[PDB]
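Here are the chains, one letter per residue:
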Amino acid sequence: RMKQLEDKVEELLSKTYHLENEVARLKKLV
Amino acid sequence: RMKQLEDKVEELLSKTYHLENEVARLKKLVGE
Amino acid sequence: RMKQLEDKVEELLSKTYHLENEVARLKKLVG
């Protein structure tokens with residue numbers, strides 16, 4: 001369960017960076 | 001403490017999946 | 001290790017609330 005957890009945190013970290021990029025771009029467009 | 005973290009990670013995953021859908025909907029409305 | 005994960009989850013919680021605020025603002029400006 002420790003590895004399971006660390007991999008989900010890893011995924012969340014890439015997901016939030018991805019969403020951050022998507023929102024920043026949207027703000028640029030309007 | 002492990003189950004508590006598992007619970008928080010699951011909730012943040014659910015929140016991120018919801019926000020991805022909201023952004024998708026928005027990009028579609030805005031465009032390129 | 002458990003403390004590090006906890007730290008990261010705390011960080012992600014804040015990031016996630018920040019994004020929610022930004023998305024909500026965009027939803028209201030676009031409609």
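The rules we used
Residues numbered from 1 in each chain as written, not as in the entry; some residues may be left out. Chains lettered and ligands numbered in written order. Heavy atoms only, no water. Contact = heavy atoms within 4.5 Å. Buried area = accessible area lost by both parts, 1.4 Å probe. Salt bridge = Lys/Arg side-chain N within 4 Å of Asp/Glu carboxyl O. Polar contact = N/O pair within 3.5 Å; in protein donor to acceptor, adjacent residues only side chain to side chain. Axes fitted to C-alpha atoms, helices over the stretch in contact; angles between N-to-C directions. Helix = DSSP H or I, 4+ residues; strand = E, 2+ residues; numbered from the N terminus. Parallel < 35°, antiparallel > 145°, perpendicular 65-115°, else oblique. Left-handed = near helix turned anticlockwise from the far one by under 90°. Nonpolar A, V, L, I, M, F, W, Y, C, P; charged D, E, K, R; others polar.

The deposited coordinates for this entry were obtained by X-ray crystallography, with a reported resolution of 1.70 Å.

J.: Please explain the interface of chain C and chain A as it appears in this structure.
T.: Interfaces are often sized by the accessible area lost when the parts come together. Each side of the interface is counted separately: chain C has 14 residues, and chain A has 14 residues. In total, chain C and chain A occlude about 1300 Å² of area from one another, counting both sides; carbon and sulfur atoms represent 76% of this. Counting across the chain C and chain A interface gives two salt bridges. With a shortest N-O distance of 2.7 Å, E6 of chain A and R1 of chain C are connected by a salt bridge. At the junction of chain C with chain A, the criterion picks out three residue pairs in polar contact.

J.: Would you take a moment to explain the packing of helix α1 (residues 2-29) of chain A against helix α1 (residues 2-30) of chain C for this structure?
T.: Running from amino to carboxyl end, α1 of chain A crosses α1 of chain C at an angle of 25°, the nearest separation of the two axes being 10 Å. Taken together, the axis directions place α1 of chain A and α1 of chain C in an arrangement best described as roughly parallel. Seen along the crossing, α1 of chain A lies across α1 of chain C with a hand that is left-handed. Contact with α1 of chain A, carried on its side by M2, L5, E6, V9, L12, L13, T16, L19, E20, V23, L26 and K27 of chain A, involves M2, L5, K8, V9, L12, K15, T16, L19, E22, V23, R25 and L26 of chain C of α1 of chain C and no other residues of that element. Looking at the contact of α1 of chain A with α1 of chain C residue by residue, the classes come out as 15 nonpolar, two polar and seven charged.

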